[PDB]
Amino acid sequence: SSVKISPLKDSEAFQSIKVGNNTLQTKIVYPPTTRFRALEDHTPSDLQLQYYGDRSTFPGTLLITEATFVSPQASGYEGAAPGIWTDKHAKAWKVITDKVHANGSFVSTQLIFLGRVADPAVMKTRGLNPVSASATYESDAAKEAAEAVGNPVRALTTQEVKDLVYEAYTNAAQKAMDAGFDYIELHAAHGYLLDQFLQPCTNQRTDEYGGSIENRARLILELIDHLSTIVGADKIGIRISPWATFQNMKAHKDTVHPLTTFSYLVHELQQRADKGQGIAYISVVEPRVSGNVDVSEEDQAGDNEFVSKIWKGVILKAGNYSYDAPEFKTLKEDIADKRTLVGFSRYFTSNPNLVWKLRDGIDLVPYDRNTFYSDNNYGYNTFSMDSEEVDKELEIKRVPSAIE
């Protein structure tokens, strides 16, 4: 069903805001949204070039790219997700950032590392193991799958964790700059590698990177500090999902509560800001959503108020913000402090002109979950076409191709 909405034109959503070194002209953001339309070698494709281009047309919009692998060890999906570790990746991404910039908009790349959830057969083909802070599995099924192919999850050694900072993320950051990205965003949410380090259910290390709240945060803060010296703190973001149970994170049922874990991290970030090394933004997932799953009010165990209390800089919030449309009471409350951005991910898939629709109160086109993760153009770039012109069968067969 089309979502009826009232116009946000005269609201804070269309007041400018400085984020790092750049000024956005709308507070509506496209959050990182995995779609699997990259090329098989992980280079961004012709489809992605149009896709991000189509969403950049309100000048001064921030778009954040779908999770992008920092390195071969960072991968582990069967579908084709993009990567930012080779010159080829960077050159292809550059065509996309150029297009976004030509519309006066900005783009952040989300850097992901799968960790314990990497598909063990996929990793085997690279001669790699699934790796994590500790040797744990999301489920007994995951454990079975890995041991079946003789490719069990293993804990990174101390030196490998150092390598993550000085090699894997450093190179990804350098490539992201070659590719013209305005920001890099550390993916510390949804039970992927950095989240695995942060929380105790997934990190039982006995070196400097585990064994306490402070040690578990150490890798993340070392990345923030090191990358700040490489690209500048103004080009760095980080995403967290304190309440999510996606990919079997314990969350509030863990031995350390997310309020403790994440308040520690956010306060350390603010202390860096106080010293003139404030990162560009902290992106947080609202408790209405866990990964890609909606959460009932009854199941919600907390909220993100603590982030606003502790961190004085820009905050990006996302998670079913249209739940109280058409009036958007929650959205308006959340952006009232003038330093908060609001993201829409699912509705941006089916509404490439979402910023324009929200501005002028145009009904939203419903999204199509069936085509979120498929491998072709149908339900991807087709939302930018007039229905009468979409040749469905042709588009289902249109797989990603090289740019140009």
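Residue indices: 1-based, along the sequence shown.
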Exercise for the section: Would you tell me which stretch averages the higher CA B-factor in the PDB entry, 311-319 or 138-146? Expected result: 138-146
Fill in the blank from the handout: The stretch whose C-alpha atoms carry the larger average B-factor in the entry, 120-128 or 174-182, is 120-128
Fill in the blank from the handout: Listed options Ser105, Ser296, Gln199, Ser212: highest C-alpha B factor recorded at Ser296
Handout entry: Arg218 CA temperature factor, ranked by third within the chain
Key = lowest
Completion exercise
Binned into thirds over the chain's modelled residues, the C-alpha B-factor of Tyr347 lands in the middle
Completion exercise
Assert third(CA B-factor, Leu394) within chain per record equals highest
Exercise for the section: Among all modelled residues of this chain, ranked by Cα B factor, put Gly60 in the bottom, middle or top third, i.e. lowest, middle or highest. Expected result: middle
Fill in the blank from the handout: Entry-reported C-alpha B-factor of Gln25 relative to its chain, by third, is lowest
